[PDB]
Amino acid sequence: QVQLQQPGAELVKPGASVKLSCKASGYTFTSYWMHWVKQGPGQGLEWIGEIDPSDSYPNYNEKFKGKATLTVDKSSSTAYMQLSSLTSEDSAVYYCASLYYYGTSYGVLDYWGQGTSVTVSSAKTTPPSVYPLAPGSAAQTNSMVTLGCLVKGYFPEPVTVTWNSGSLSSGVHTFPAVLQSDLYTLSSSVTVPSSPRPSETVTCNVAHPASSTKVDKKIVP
């Protein structure tokens, strides 16, 4: 009943090309125009193209004329966007959408897809490096101690960080895996009363499904 399925993630090496795919259902494919919008990191949405399935007729955005290449396959009910010579900047979430129920003059895209997050990186599969963050000697000990970890240099996501196999993890703050030079870096900071440590001990457990390197570091001063 109008359904554009679309692959959630898509890792791509730079200099290569990816062929994103949007599969329709619930209506007569060729009798409706397909639309695609890009969402740049921390920016607005950009209209990139249009294509008519029936006569395979693309309608481009001057800007992208050369990056994106609309295409479609009727036997499969699927629109395809091919990003040519992919680069750093061209990493984001790309949406396919339709012009269905409303009159073409309204330009109202309705019934959108979920998304494909293309990530351009040449970094091969790599296991992280977990490091313990123990507070210093100094600091006239206040009611709370804040430990932390620096699970760094991994690729690609995800990575699960948990404290005391869940037991403790209830005052954690896990920061967003930012990427730099083809790799990611995460971190978590637990806050617990002073009374509990070094006595009772806390411990980060890092999970990197890919390398399958289950790690756990001791938080000791």
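Throughout, we count residues from 1 along the sequence that is shown.
Remark: stretch with higher mean C-alpha B factor among 74-82 and 110-118 is 74-82. Once the C-alpha B-factors are averaged per stretch, 43-51 and 160-168 rank with 160-168 first.
In the PDB entry, the Cα temperature factor peaks, among 31, 174, 69, 181, at 181. Taking the deposited Cα B-factors for 155, 57, 27, 36, the highest one is held by 155. Per the PDB record, residue ranking by Cα B-factor puts residue 147 in the middle third of the chain. Annotation for residue 127: C-alpha temperature factor in the middle third relative to the rest of the modelled chain, per the entry.
Remark: residue 197 belongs to the middle third of its chain, ranked by C-alpha B-factor as recorded.
Residue 135 sits in the middle third of its chain by CA B factor, as recorded in the PDB entry.
Split the chain's modelled residues into thirds by C-alpha temperature factor. Residue 11 is in the middle one.
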